[PDB]
Structures are given as C-alpha cells and as structure tokens.
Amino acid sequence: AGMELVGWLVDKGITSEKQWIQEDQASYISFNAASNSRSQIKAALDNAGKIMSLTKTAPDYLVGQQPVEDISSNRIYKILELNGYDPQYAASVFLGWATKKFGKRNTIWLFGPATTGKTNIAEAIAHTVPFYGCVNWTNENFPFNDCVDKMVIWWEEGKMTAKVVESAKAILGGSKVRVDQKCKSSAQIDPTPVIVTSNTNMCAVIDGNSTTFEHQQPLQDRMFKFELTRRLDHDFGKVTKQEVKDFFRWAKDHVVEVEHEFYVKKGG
C-alpha cells in the first residue's frame, strides 16, 4: 500500500533489500507484485532505518514475539548452565541489560577462553538487532566512530587507553557523551547497552609504557561479569538470531530479581 511498507520494515527490523529477500522473499514478491519501483523501495528502506535507528531500541528486536516452548535446547541457555550459572537468573540480567534497567551497570562482560562461546553469544545478539556498533580501537584516535545511534555496542577486543577511558566509562556506564572529532563534528553517543568480549582483563588501562588499575573499581561498577570456562568444541554450532529472540522472550516470561553486583552469582 504505497509506503505502507515502512511500518512493516520497522516491525521486522529489515534494513536492506537483500536482507528483505533473504528473510522473507515471499513478502518481497508480494509487495512488488504489481511493479518493482526502484525509487519507492529505496525511500521505504531509508525511512525505515531512520525510524529504527533514531527512535527504536534493543528490546523491540531482541525480545521475540513468539512463545518459547522448550528453552532447554537453546544454545545460550546451555552454555550458561554448562558454566555453572542459573539460566533463569543469568537471563534476567541480560534482559535488564538490554532494557537499561540497572543504570550505570549498562555493560555485560563475557570473560573466558577462545572456544568458550563468549564471542558466539555476543555476535548473535549484535546481529539480531537492526543497528549495532563495533568499538574498533584500530583507530586509537576515534575508537567510538561506529557507536552513534546504535541499539547495541559490541566491544570485541583490545584495551582501553588513558586518553579514551573517560569517554569509555561514559558509554560503558550508559551516560550521554560527546566524542570530539576536532573541526569536522563532535558526535553524540546516547545510552547504549554494551557487551564486552575478552580473554584478558578489561579493567587494565594502557597509558603509554605502563598499564594501570587506577580505573578498575569505576570500570567494575558498570559491568556484570560472567566467566566462561567449559570448552564447547565443534558441533555445538552457532547460536542463532532466533535463539537470541527466544532467550530474551523466555527471560521476560520468567523474570527474577537480580543482584546489582559485578560478579554474577552461580547459585541455583
């Protein structure tokens, strides 16, 4: 119906024609059944996307709209239990994290070895959302260049530095900050749930030829830490976006009180 598509694209979280085809070819063909308007398709995709990135949030897409029958086979549910965490408890911190419920503690850190699935979970979540940012650090100058107007920020590797830590603490803590880009333009990063993935200590800040833990406690106050040790190995497979969607839906239908602390407990 003209540009009635813009409401649909936003609902499905579709941001590209190619993605549209791959996830729901049938509808692509259905909407364009009586002419394939280059110009119309383009402006719909653009309008959507502007609408998603500027006024929508992580929960609108991470929280699956379908009831979850058996969560026991969900790869995120497994890996949590495997490493000794109460699934339903861990789930609640994730849901609250995605929701900006624990103000300040706006970051989830998955610490552990290379095959423990930390990267497997983080990546599935970042890709489940319409817009996500990756904290580079290859650009030590502007490491947060890709963090504006995103629904999730994935901190995949590297180490903060003395010159960036003040900004880092704000993003990690969920506080609005402006990241000066000299003449060009000072970008503004709004509160965004951040997920960190590392095998090293993320609280250790590099300051030239020395490393410091001077910021350790402030950094620790903004995170929920998980420790993953059980090596999973091939055949476990990659957690899927659908699995991401069910986990958060399950977490919402079985929400328990969460302890506002750095180390996530394992009881249960």
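When you see a residue number, it is the position in the sequence shown, counting from 1.
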Original post:
If you average the CA temperature factors over each stretch, which comes out higher, 8-16 or 242-250?
Top reply: 242-250
Original post:
Between 125-133 and 154-162, which has the higher average C-alpha B-factor in the PDB entry?
Top reply: 154-162
Subject >> C-alpha B-factor winner, where the candidates are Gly174, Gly112, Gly84, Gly96 >> reply: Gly112
Subject >> Among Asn32, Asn47, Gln216, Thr57 - the residue whose C-alpha B-factor is largest in the record >> reply: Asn32
Original post:
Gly103: which third of its chain by C-alpha temperature factor?
Top reply: middle
**OP:** Check where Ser92 lands among this chain's C-alpha B-factors and tell me if it's the lowest, middle or highest third.
**Re:** lowest
Subject >> B-factor third for the C-alpha atom of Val205 within its chain >> reply: middle
Original post:
In terms of the CA temperature factor given in the entry, to which third of its chain does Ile41 belong: lowest, middle or highest?
Top reply: middle
**OP:** Compare the C-alpha B factor of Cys183 with those of the other modelled residues in its chain, then answer lowest, middle or highest third.
**Re:** highest
